[PDB]
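Residue numbers (the authors' numbering), protein chains in the order written: chain C, 247 to 354; chain B, 247 to 366; chain A, 415 to 709. Note that the Cβ used here is the ideal one computed from N, Cα and C, for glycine as well. Presented below is the structure to which this report refers.
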Amino acid sequence: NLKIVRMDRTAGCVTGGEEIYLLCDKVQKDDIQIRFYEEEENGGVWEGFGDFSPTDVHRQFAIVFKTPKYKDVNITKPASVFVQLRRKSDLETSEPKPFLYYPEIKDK
Amino acid sequence: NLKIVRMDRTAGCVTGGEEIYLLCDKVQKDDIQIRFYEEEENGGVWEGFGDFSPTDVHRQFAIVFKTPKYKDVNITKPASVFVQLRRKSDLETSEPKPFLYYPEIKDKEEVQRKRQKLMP
Amino acid sequence: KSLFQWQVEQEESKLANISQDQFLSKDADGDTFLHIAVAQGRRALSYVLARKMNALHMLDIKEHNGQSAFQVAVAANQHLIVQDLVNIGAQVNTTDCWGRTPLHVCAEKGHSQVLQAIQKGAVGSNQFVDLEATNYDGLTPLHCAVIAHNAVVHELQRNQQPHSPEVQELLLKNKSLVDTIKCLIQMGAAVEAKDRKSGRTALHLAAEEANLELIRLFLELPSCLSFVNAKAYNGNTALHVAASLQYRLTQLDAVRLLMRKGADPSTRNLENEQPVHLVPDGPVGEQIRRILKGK
Ligand SMILES: CCCC[C@H](O)[C@H](O)CO
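And the structure:
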């Protein structure tokens with residue numbers, strides 16, 4: 247299975263691009279994704295992916311990545327989403343952790 | 247051999263107690279220290295140690311720890327120090343990484359700034 | 415007729431004048447008159463300016479820091495003014511620009527009277543106080559209070575001088591933070607709430623510092639046996655943490671206290687380790703080992 251053991255950040259600005267350190271159970275650097283998602287009553291989810299190269303996977307037990315941009319960069323209230331590890335080869339996922347996207351401060 | 251691969255913070259408040267994720271080459275959880283240090287003019291050395299328990303060492307390849315208090319919490323300008331891994335058993339050290347201690351920002355809510363304001 | 419009733423009716427006698435363009439206007443910092451009055455502790459003036467801003471539904475105007483006048487009063491520790499503001503409907507469930515709720519600010523600073531003010535004001539304004547709100551660090555207000563108290567305790571067991579302006583300040587903050595924690599719990603805060611970063615409970619957080627006063631406080635709660643063996647994301651319990659610590663003068667007593675109040679020494683973390691497997695080498699770990707095995 248997959249498991250997120252610790253994350254140094256569980257909130258981020260909707261603009262994305264912010265660096266996060268994630269500690270995990272053993273993964274393989276070319277078979278791992280970090281999936282952000284948000285399930286509305288809808289039929290097809292919103293999703294975004296953590297930005298990192300395989301070299302950012304540290305000794306199979308940690309990943310340093312940048313947050314994806316949230317779907318709406320113009321929100322005025324924080325949006326609660328989820329983050330999970332996903333394996334590319336068999337699409338298995340870790341249990342989801344809550345992640346908070348907060349509004350951008352667009353002045354100066 | 248010891249090595250700090252990367253750290254999620256390269257600066258922190260002089261007050262210490264701030265959580266840092268450090269990625270390292272392989273260590274043993276009971277035999278590792280994180281040492282902040284600063285050479286001083288009289289030839290002495292200030293040192294402070296990252297605060298963590300062995301369980302905060304993640305699978306021998308990462309350490310989550312709290313920064314030590316800097317030697318002087320009353321500085322008005324940031325102070326640069328070095329941070330290194332150190333093995334307790336043989337006192338081998340990693341190459342150092344830069345770390346910046348900055349002054350405590352009192353009253354960030356700007357309460358006192360408003361008390362000084364004037365009204366009709 | 416109490417004095418406050420006099421100065422209030424007296425206040426409105428002096429500023430039934432201002433009016434409506436001058437106190438709704440914002441400073442370069444975004445501060446209105448109420449923000450400043452609140453910060454200065456002008457209870458009578460704050461009451462009047464608030465009532466006039468409230469009628470226009472402009473009570474919760476935020477400055478450049480994302481702080482309403484109510485949020486400013488919280489930070490300023492003006493619990494009298496706080497209660498006045500929340501009573502007339504000031505939004506309790508809000509954040510500043512750093513993502514902190516008024517409860518979080520109370521928790522960090524140990525403003526228990528402010529916290530009690532919020533509780534009363536919310537009752538008299540039909541407001542729901544979200545005790546489990548998380549800040550940008552994934553922490554509930556209880557979490558913040560515990561971490562703040564750990565820092566105080568850790569320092570008290572380190573500074574060598576009573577007469578210091580800081581230590582007497584630390585001593586009072588030691589008391590105020592515990593009072594704040596008690597208030598939060600009395601208000602219904604979940605001790606078993608987990609930090610979003612690591613899955614630590616308030617008990618876990620206390621155990622990290624071998625914080626005897628807080629460990630004792632939490633373990634006395636009715637739900638003690640329901641969270642004493644709670645596991646963080648890495649599978650560790652508070653007993654795992656206590657047994658493994660860098661030497662503190664209160665480490666042994668923390669382990670004893672956890673054992674005595676029902677912590678399970680056979681619990682295993684993700685790496686199948688029990689607390690006994692985590693003890694430091696040498697005599698100290700041996701002493702901890704006996705406590706874990708002994709009755
Ligand atoms: C501000 C003093 C800098 C200290 C410096 O980082 C270490 O002594 C390097 O030897």
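Which class does residue 681 of chain A belong to by DSSP, given the choice of helix, strand or coil? coil
Candidates A/598, A/415 and A/660: which alpha carbon is nearest residue 696 of chain A's? A/660
Heavy atom of ligand 1 within 7 Å of residue 328 of chain B beta-carbon: yes
Less than 8 Å separating the beta-carbons of residue 642 of chain A and residue 616 of chain A? no
Between residue 508 of chain A and residue 541 of chain A, what straight-line distance do the alpha-carbon atoms span, to the nearest angstrom? 12 Å
Mapping the DSSP letters down to three states, classify residue 326 of chain B as helix, strand or coil. strand
Pick helix, strand or coil for residue 304 of chain C, following the three-state DSSP scheme. strand
Neighbouring residues, chain B, relative to residue 310 of chain C (Cβ below 7 Å): 252
Taking Cβ-Cβ distances shorter than 7 Å, what residues in chain C pair up with residue 267 of chain B? 254 and 267
Can you give the Cα-Cα distance for residue 560 of chain A and residue 647 of chain A, rounded to whole angstroms? 19 Å
Beta-carbon of residue 239 of chain C versus every beta-carbon of chain A: anything under 8 Å? This structure leaves residue 239 of chain C out entirely; chain C is present only between 247 and 354.
What number of angstroms, rounded off, separates the C-alpha of residue 296 of chain B from the C-alpha of residue 312 of chain B? 5 Å
What is the DSSP secondary structure of residue 707 of chain A, counted as helix, strand or coil? helix
How would you list, in chain order, the residues of chain B whose beta-carbon sits under 9 Å from the beta-carbon of residue 298 of chain C? Those do not exist, as residue 298 of chain C stays about 12 Å from chain B at its closest Cβ, beyond 9 Å.
Uninterrupted alpha helix (DSSP H) stretches inside the segment 423 to 487 of chain A (no shorter than 4 residues): 447 to 454 and 457 to 469
Which residue or residues does DSSP assign as beta-bridge partners of residue 281 of chain C? C/295 and C/330
Nonlocal neighbours in the same chain, by C-beta distance under 6 Å from residue 549 of chain A, ignoring five residues either side: 513, 514 and 518
Measuring alpha carbon to alpha carbon, tell me which of A/455, A/457, A/467 and A/452 ends up nearest residue 433 of chain A. A/467
Nearest by alpha-carbon distance to residue 275 of chain C: which of C/247, C/330 and C/306 is it? C/306
Counting only runs that start and end within the segment 585 to 615 of chain A, where is the beta strand (DSSP E) found for 3 or more residues in a row? none
Flag this pair as yes or no: are the beta carbons of residue 683 of chain A and residue 649 of chain A separated by less than 8 Å? yes
With burial defined as no fewer than 16 other Cβ atoms inside 10 Å of the residue's Cβ, what is the status of residue 537 of chain A: buried or exposed? exposed
Quick check: the segment 562 to 576 of chain A against the segment 490 to 505 of chain A, are there 3 or more CB pairs under 8 Å? no
Name the one or two DSSP bridge partners that residue 273 of chain C has. The partner list for residue 273 of chain C (beta bridge, DSSP) is empty, contrary to what the question assumes.
Shorter than 7 Å, the distance from the beta carbon of residue 325 of chain B to the closest heavy atom of ligand 1, or not? yes
Check the Cβ-Cβ distances between residue 281 of chain C and every residue of chain B, and say whether any is below 8 Å. no
Measuring CB to CB, does residue 458 of chain A end up less than 8 Å from residue 505 of chain A? no
Residues, ordered as in the chain, of the segment 494 to 515 of chain A that lie near chain C by beta-carbon distance below 9 Å: 509, 511 and 513
Beta bridge counterpart(s) of residue 311 of chain B as assigned by DSSP: B/266
Determine the closest residue to residue 364 of chain B out of A/475, A/699, A/670 and A/454, with distance taken between C-alpha atoms. A/454
Can you tell me whether residue 344 of chain C is helix, strand or coil according to DSSP? strand
Chain A residues whose Cβ lies nearer than 7 Å to that of residue 263 of chain B: 565
Please confirm if residue 278 of chain C has its CB atom under 8 Å from at least one CB of chain A. no
Exposure of residue 289 of chain C, with buried meaning 16 or more beta-carbon neighbours within 10 Å: exposed
Can you name the start and end residues of the alpha helix (DSSP H) that residue 630 of chain A belongs to? 626 to 633
What's the C-alpha gap between residue 255 of chain C and residue 424 of chain A? 51 Å
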